[PDB]
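As structure tokens, the structure follows; a few thoughts come after it.
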Number of protein chains: 2
Amino acid sequence: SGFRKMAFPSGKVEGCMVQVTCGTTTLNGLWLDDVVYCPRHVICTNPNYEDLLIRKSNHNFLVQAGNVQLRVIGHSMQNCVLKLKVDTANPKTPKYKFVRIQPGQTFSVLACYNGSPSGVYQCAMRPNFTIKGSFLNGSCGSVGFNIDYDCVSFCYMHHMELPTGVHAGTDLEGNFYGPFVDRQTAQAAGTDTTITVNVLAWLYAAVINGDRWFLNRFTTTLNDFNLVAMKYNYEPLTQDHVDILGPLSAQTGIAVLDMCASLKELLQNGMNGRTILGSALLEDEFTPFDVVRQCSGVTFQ
Amino acid sequence: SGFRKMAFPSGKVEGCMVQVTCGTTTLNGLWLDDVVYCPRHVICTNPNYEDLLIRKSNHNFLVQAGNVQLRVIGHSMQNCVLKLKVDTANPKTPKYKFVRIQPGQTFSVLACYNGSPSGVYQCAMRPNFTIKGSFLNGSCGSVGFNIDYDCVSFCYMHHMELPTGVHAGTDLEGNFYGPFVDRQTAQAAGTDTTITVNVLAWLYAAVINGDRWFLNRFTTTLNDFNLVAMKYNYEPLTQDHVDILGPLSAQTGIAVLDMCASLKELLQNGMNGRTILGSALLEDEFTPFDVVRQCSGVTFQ
């Protein structure tokens, strides 16, 4: 019992974190097999990165894997990330994949400085394709990921802080999440929404953990919910959402539409000083999978 | 910028997590050098563990380090943990220490099942020597820890869930945190309090992150604060607390006693629908060190 913002064990990823330096720019790189991935704004000197990259040679890239120099024997650009071919395959290379996540999906971040892992936290991709992360100067290149049995699914590389303090970055093929670019523009996060399906998964987590207050006798149709949801800046709840909550509905015997009625009342009346799962806010950064994982027993390795 | 419940990178500890089986009991063990540490309630069959342990032989203990059997060549009891001498030193043994933490101090938990690491989360030792953790059956033996440069300071081994769903365990010498025992009694958590020094450190974290609302013109003496603190079930604030908040007072230029006056008003008026650092509650599970670490840049490896 208990419920915690849990992150995946980070060792498999720590073994891949390196330091990439070229010029006066130092950031973090991801070393898989004989490639080191890192953000392309490490390239020297309003940019045009194809120009700047042809301007460069391998020996410009200093790659530090712990105490060991790493010799760059080739480079290339893949959208907003640099692929730096090195002469050594990372012996600690886990089985891995590059996958792109949907808004509302969660992942773990291994925040890094100078290729040294600093901390690990769990977060979600906001519906506006930002993440509310914790990053300081030099965290560029830190990656986000999930673990499934033994496989590391890399989904995120960190590029920049947006003026509101939220964070933007790319998948591991270099394609940004959201309408953001790796150059200095006036770019801002669009207005965010609350991930309704996640809040419902969290409420089930509260019920599983004995917090049964918020529940009620009422029920509601999906349409009538979404009419109230939209009013409170909540994502629409789809039939697929309802199906994905099914197993949690089963395990607790509270029908999905019943839980929506509780959410409806929670939105309309607030919480009146009570709390759910140690929180005075409705939490939207736990998916249905996260709840099941943290309430059934599933491990990884 | 941003602020997250961050946990230490867990790889150094994952390399030490093993599986310990004897009888029909399976739990997690900690493999450092040629010792495997684990809770003693793994011993077979109202207990008297000295009796039960002399009843046993090495070959009763099945120790699984991944795919590799581990041969137990000796055992012994150290308070509530079992030390199982094995014939192989853990090649992945990090530099480490066994340290005992004070209530109010935080640590990372690597929740494990069957020696396989499941997740990592940050938590604090409650003033009543419980932790609000996230554990399922089989998490016994999961360890808590901090990392300081390269050194893993093991501070916690998980033993049991208390009737309120909070968690109790020992340091790595087997001495419990709080008045709890590893036998079936009516034991319960005593009434908890809020870790005042931590809430103040968190408020500084909010100020550092632009959340400047809660602040005010007022001030307060330490005595007058504690008179209001005690009323709201908050730990007393000591002069040493005030000194430890010093650097954060400096960095933000809000005197410690001024921040206490804001806390005083927050306790007296509540938050009026606003939030601090994404929370509608005053958070007491970040120490002054945690805030500085997550707002200055400090790494580990």
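In the structure tokens, chains take the letters A, B, ... in the order shown, each chain's residues start at 1, and ligands count up from 1 in the order shown.
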Interface list for chain A, partner chain B, 6 Å threshold, only C-alpha atoms, as a PyMOL selection string: chain A and resi 1-4+6-11+118-121+133-136+165+280+299-300
Pull N, CA, C and O atoms from the residues just selected and write them as a compact mmCIF listing (two decimals), in the first residue's frame.
# COMPACT_ATOMS: atom_id res chain seq x y z
N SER A 1 0.82 -1.20 0.00
CA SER A 1 0.00 0.00 0.00
C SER A 1 0.87 1.26 0.00
O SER A 1 2.09 1.18 0.06
N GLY A 2 0.21 2.42 -0.04
CA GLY A 2 0.86 3.69 -0.30
C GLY A 2 0.94 3.98 -1.79
O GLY A 2 0.82 3.10 -2.64
N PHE A 3 1.13 5.26 -2.11
CA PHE A 3 1.16 5.67 -3.52
C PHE A 3 2.11 6.84 -3.66
O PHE A 3 1.97 7.84 -2.95
N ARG A 4 3.04 6.72 -4.60
CA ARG A 4 4.21 7.58 -4.69
C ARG A 4 4.47 7.92 -6.16
O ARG A 4 4.26 7.10 -7.05
N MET A 6 6.49 7.48 -8.64
CA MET A 6 7.57 6.53 -8.79
C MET A 6 8.24 6.70 -10.15
O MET A 6 7.57 6.97 -11.15
N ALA A 7 9.55 6.55 -10.18
CA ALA A 7 10.27 6.56 -11.43
C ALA A 7 10.91 5.19 -11.64
O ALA A 7 11.13 4.44 -10.70
N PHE A 8 11.19 4.87 -12.89
CA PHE A 8 11.85 3.61 -13.19
C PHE A 8 13.27 3.59 -12.63
O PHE A 8 13.91 4.64 -12.50
N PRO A 9 13.76 2.42 -12.24
CA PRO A 9 15.17 2.34 -11.86
C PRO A 9 15.99 2.86 -13.02
O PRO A 9 15.64 2.64 -14.18
N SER A 10 17.04 3.61 -12.71
CA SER A 10 17.73 4.40 -13.72
C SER A 10 19.08 3.83 -14.12
O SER A 10 19.79 4.48 -14.89
N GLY A 11 19.48 2.68 -13.59
CA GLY A 11 20.85 2.23 -13.81
C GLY A 11 21.14 1.99 -15.27
O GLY A 11 22.17 2.43 -15.79
N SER A 118 22.40 13.23 -11.96
CA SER A 118 22.08 14.00 -10.77
C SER A 118 20.87 13.47 -10.00
O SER A 118 20.91 13.35 -8.77
N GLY A 119 19.78 13.17 -10.70
CA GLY A 119 18.55 12.77 -10.04
C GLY A 119 17.61 12.13 -11.02
O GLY A 119 17.81 12.21 -12.25
N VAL A 120 16.57 11.49 -10.48
CA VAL A 120 15.56 10.81 -11.29
C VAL A 120 14.18 11.17 -10.76
O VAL A 120 13.93 11.15 -9.54
N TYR A 121 13.29 11.56 -11.67
CA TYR A 121 11.92 11.91 -11.31
C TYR A 121 11.00 11.47 -12.43
O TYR A 121 11.42 11.26 -13.58
N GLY A 133 9.29 19.87 -15.80
CA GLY A 133 10.46 19.18 -15.34
C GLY A 133 11.22 19.98 -14.30
O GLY A 133 10.82 21.06 -13.86
N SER A 134 12.36 19.43 -13.91
CA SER A 134 13.29 20.11 -13.01
C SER A 134 14.66 20.00 -13.67
O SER A 134 15.25 18.92 -13.71
N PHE A 135 15.14 21.13 -14.20
CA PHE A 135 16.34 21.20 -15.02
C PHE A 135 17.09 22.48 -14.66
O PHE A 135 16.47 23.52 -14.42
N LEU A 136 18.41 22.41 -14.60
CA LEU A 136 19.26 23.59 -14.47
C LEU A 136 20.19 23.67 -15.68
O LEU A 136 20.25 22.75 -16.49
N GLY A 165 8.98 28.46 -17.49
CA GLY A 165 9.68 27.50 -16.68
C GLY A 165 9.37 26.05 -16.99
O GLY A 165 9.91 25.16 -16.32
N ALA A 280 -4.02 17.69 -2.10
CA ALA A 280 -5.17 18.58 -2.09
C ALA A 280 -5.57 19.04 -3.49
O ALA A 280 -6.39 19.95 -3.62
N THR A 299 7.51 -5.72 -11.86
CA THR A 299 8.91 -5.31 -11.82
C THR A 299 9.51 -5.25 -13.22
O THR A 299 8.85 -5.48 -14.23
N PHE A 300 10.81 -4.94 -13.25
CA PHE A 300 11.60 -4.85 -14.47
C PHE A 300 13.03 -5.27 -14.16
O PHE A 300 13.47 -5.22 -13.01
Skip stretch 69-74 of chain B itself and residues of its chain fewer than 5 positions away, then list as a list in words all residues within 6 Å of it, counting only C-alpha atoms. residues 58, 63, 64, 84, 85, 86 and 87 of chain B
For the selection you just gave me, I'd like the residues written to a file as a short mmCIF file (atom, residue, chain, number, x, y, z; two decimals), in the first residue's frame, keeping C-alpha atoms.
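Result file follows (selection.cif):
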data_model
loop_
_atom_site.label_atom_id
_atom_site.label_comp_id
_atom_site.auth_asym_id
_atom_site.auth_seq_id
_atom_site.Cartn_x
_atom_site.Cartn_y
_atom_site.Cartn_z
CA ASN B 58 23.63 -22.26 5.03
CA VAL B 63 20.47 -16.47 -2.90
CA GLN B 64 19.78 -15.49 -6.53
CA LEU B 84 24.56 -14.14 4.94
CA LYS B 85 28.23 -14.56 4.10
CA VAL B 86 28.50 -15.75 0.48
CA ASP B 87 31.56 -17.03 -1.35
#
For residue A:190, the nearest of the candidates A:235, A:243, A:50, A:128, counting only C-alpha atoms: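 Result for the nearest residue to residue A:190: A:128.
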Name the residues of stretch 62-238 of chain A that fall into alpha helix (DSSP H) according to DSSP on the backbone, using the chain letters and numbers of this document, as an NGL selection string. :A and (196-208 or 222-231)
Could you take the residues named above and write them with N, CA, C and O atoms, as a PDB file, in the first residue's frame?
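As written to disk, again32.pdb reads:
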ATOM      1  N   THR A 196      -7.658  14.150 -18.084  1.00  0.00           N
ATOM      2  CA  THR A 196      -8.804  13.561 -17.408  1.00  0.00           C
ATOM      3  C   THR A 196      -8.627  12.076 -17.139  1.00  0.00           C
ATOM      4  O   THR A 196      -8.898  11.608 -16.026  1.00  0.00           O
ATOM      5  N   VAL A 197      -8.181  11.310 -18.143  1.00  0.00           N
ATOM      6  CA  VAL A 197      -8.089   9.870 -17.917  1.00  0.00           C
ATOM      7  C   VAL A 197      -7.139   9.581 -16.763  1.00  0.00           C
ATOM      8  O   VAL A 197      -7.363   8.647 -15.982  1.00  0.00           O
ATOM      9  N   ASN A 198      -6.084  10.391 -16.616  1.00  0.00           N
ATOM     10  CA  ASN A 198      -5.105  10.149 -15.566  1.00  0.00           C
ATOM     11  C   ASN A 198      -5.696  10.448 -14.191  1.00  0.00           C
ATOM     12  O   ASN A 198      -5.516   9.659 -13.251  1.00  0.00           O
ATOM     13  N   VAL A 199      -6.429  11.571 -14.066  1.00  0.00           N
ATOM     14  CA  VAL A 199      -7.072  11.911 -12.797  1.00  0.00           C
ATOM     15  C   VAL A 199      -7.978  10.770 -12.344  1.00  0.00           C
ATOM     16  O   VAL A 199      -7.952  10.359 -11.177  1.00  0.00           O
ATOM     17  N   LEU A 200      -8.749  10.203 -13.273  1.00  0.00           N
ATOM     18  CA  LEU A 200      -9.584   9.061 -12.929  1.00  0.00           C
ATOM     19  C   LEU A 200      -8.737   7.875 -12.493  1.00  0.00           C
ATOM     20  O   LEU A 200      -9.066   7.215 -11.498  1.00  0.00           O
ATOM     21  N   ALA A 201      -7.622   7.604 -13.192  1.00  0.00           N
ATOM     22  CA  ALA A 201      -6.756   6.509 -12.747  1.00  0.00           C
ATOM     23  C   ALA A 201      -6.227   6.767 -11.344  1.00  0.00           C
ATOM     24  O   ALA A 201      -6.108   5.841 -10.529  1.00  0.00           O
ATOM     25  N   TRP A 202      -5.926   8.023 -11.035  1.00  0.00           N
ATOM     26  CA  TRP A 202      -5.429   8.362  -9.713  1.00  0.00           C
ATOM     27  C   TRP A 202      -6.507   8.160  -8.650  1.00  0.00           C
ATOM     28  O   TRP A 202      -6.227   7.629  -7.570  1.00  0.00           O
ATOM     29  N   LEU A 203      -7.748   8.554  -8.954  1.00  0.00           N
ATOM     30  CA  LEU A 203      -8.866   8.334  -8.038  1.00  0.00           C
ATOM     31  C   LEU A 203      -9.048   6.853  -7.745  1.00  0.00           C
ATOM     32  O   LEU A 203      -9.282   6.458  -6.593  1.00  0.00           O
ATOM     33  N   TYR A 204      -8.926   6.011  -8.770  1.00  0.00           N
ATOM     34  CA  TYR A 204      -8.935   4.579  -8.513  1.00  0.00           C
ATOM     35  C   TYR A 204      -7.787   4.194  -7.596  1.00  0.00           C
ATOM     36  O   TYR A 204      -7.935   3.320  -6.740  1.00  0.00           O
ATOM     37  N   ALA A 205      -6.628   4.834  -7.760  1.00  0.00           N
ATOM     38  CA  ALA A 205      -5.511   4.506  -6.891  1.00  0.00           C
ATOM     39  C   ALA A 205      -5.843   4.866  -5.449  1.00  0.00           C
ATOM     40  O   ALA A 205      -5.499   4.126  -4.528  1.00  0.00           O
ATOM     41  N   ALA A 206      -6.536   5.985  -5.242  1.00  0.00           N
ATOM     42  CA  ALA A 206      -6.974   6.371  -3.902  1.00  0.00           C
ATOM     43  C   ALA A 206      -7.938   5.346  -3.313  1.00  0.00           C
ATOM     44  O   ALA A 206      -7.800   4.943  -2.152  1.00  0.00           O
ATOM     45  N   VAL A 207      -8.941   4.942  -4.095  1.00  0.00           N
ATOM     46  CA  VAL A 207      -9.880   3.912  -3.660  1.00  0.00           C
ATOM     47  C   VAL A 207      -9.131   2.634  -3.302  1.00  0.00           C
ATOM     48  O   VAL A 207      -9.373   2.035  -2.251  1.00  0.00           O
ATOM     49  N   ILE A 208      -8.197   2.203  -4.161  1.00  0.00           N
ATOM     50  CA  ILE A 208      -7.427   0.988  -3.873  1.00  0.00           C
ATOM     51  C   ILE A 208      -6.677   1.131  -2.560  1.00  0.00           C
ATOM     52  O   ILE A 208      -6.448   0.144  -1.853  1.00  0.00           O
ATOM     53  N   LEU A 222     -21.221   9.673 -20.490  1.00  0.00           N
ATOM     54  CA  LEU A 222     -19.956  10.217 -20.964  1.00  0.00           C
ATOM     55  C   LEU A 222     -20.130  11.638 -21.496  1.00  0.00           C
ATOM     56  O   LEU A 222     -19.310  12.515 -21.204  1.00  0.00           O
ATOM     57  N   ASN A 223     -21.215  11.895 -22.240  1.00  0.00           N
ATOM     58  CA  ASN A 223     -21.447  13.234 -22.787  1.00  0.00           C
ATOM     59  C   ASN A 223     -21.612  14.267 -21.678  1.00  0.00           C
ATOM     60  O   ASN A 223     -21.042  15.361 -21.742  1.00  0.00           O
ATOM     61  N   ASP A 224     -22.417  13.946 -20.660  1.00  0.00           N
ATOM     62  CA  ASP A 224     -22.679  14.915 -19.597  1.00  0.00           C
ATOM     63  C   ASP A 224     -21.431  15.202 -18.785  1.00  0.00           C
ATOM     64  O   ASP A 224     -21.252  16.325 -18.289  1.00  0.00           O
ATOM     65  N   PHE A 225     -20.571  14.195 -18.623  1.00  0.00           N
ATOM     66  CA  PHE A 225     -19.281  14.434 -17.994  1.00  0.00           C
ATOM     67  C   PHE A 225     -18.495  15.469 -18.788  1.00  0.00           C
ATOM     68  O   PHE A 225     -18.200  16.564 -18.296  1.00  0.00           O
ATOM     69  N   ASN A 226     -18.194  15.143 -20.049  1.00  0.00           N
ATOM     70  CA  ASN A 226     -17.370  15.992 -20.903  1.00  0.00           C
ATOM     71  C   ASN A 226     -17.901  17.416 -20.981  1.00  0.00           C
ATOM     72  O   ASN A 226     -17.127  18.359 -21.159  1.00  0.00           O
ATOM     73  N   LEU A 227     -19.213  17.596 -20.846  1.00  0.00           N
ATOM     74  CA  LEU A 227     -19.756  18.946 -20.804  1.00  0.00           C
ATOM     75  C   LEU A 227     -19.264  19.691 -19.579  1.00  0.00           C
ATOM     76  O   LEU A 227     -19.010  20.896 -19.642  1.00  0.00           O
ATOM     77  N   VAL A 228     -19.147  18.992 -18.451  1.00  0.00           N
ATOM     78  CA  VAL A 228     -18.619  19.608 -17.239  1.00  0.00           C
ATOM     79  C   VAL A 228     -17.096  19.620 -17.260  1.00  0.00           C
ATOM     80  O   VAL A 228     -16.467  20.576 -16.796  1.00  0.00           O
ATOM     81  N   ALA A 229     -16.481  18.570 -17.808  1.00  0.00           N
ATOM     82  CA  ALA A 229     -15.025  18.520 -17.912  1.00  0.00           C
ATOM     83  C   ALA A 229     -14.487  19.723 -18.680  1.00  0.00           C
ATOM     84  O   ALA A 229     -13.672  20.493 -18.156  1.00  0.00           O
ATOM     85  N   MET A 230     -14.934  19.887 -19.937  1.00  0.00           N
ATOM     86  CA  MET A 230     -14.536  21.021 -20.772  1.00  0.00           C
ATOM     87  C   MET A 230     -14.626  22.335 -20.021  1.00  0.00           C
ATOM     88  O   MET A 230     -13.780  23.218 -20.203  1.00  0.00           O
ATOM     89  N   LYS A 231     -15.644  22.478 -19.170  1.00  0.00           N
ATOM     90  CA  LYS A 231     -15.833  23.730 -18.452  1.00  0.00           C
ATOM     91  C   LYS A 231     -14.676  23.995 -17.508  1.00  0.00           C
ATOM     92  O   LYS A 231     -14.322  25.152 -17.265  1.00  0.00           O
TER      93      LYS A 231
END
State, in Å with one decimal place, the distance from atom CA of residue B:47 to atom CA of residue B:142.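 Computing it gives 22.3 Å between the two atoms.
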Write out as a PDB file with C-alpha atoms, in the first residue's frame the set of residues from stretch 166-258 of chain B that DSSP, computed on the backbone, places in strand (DSSP E).
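Output saved as result_21.pdb:
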ATOM      1  CA  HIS B 167       5.932   1.670   6.585  1.00  0.00           C
ATOM      2  CA  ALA B 168       8.483   0.697   9.165  1.00  0.00           C
ATOM      3  CA  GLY B 169      11.951  -0.747   8.895  1.00  0.00           C
ATOM      4  CA  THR B 170      15.512  -0.583  10.167  1.00  0.00           C
TER       5      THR B 170
END
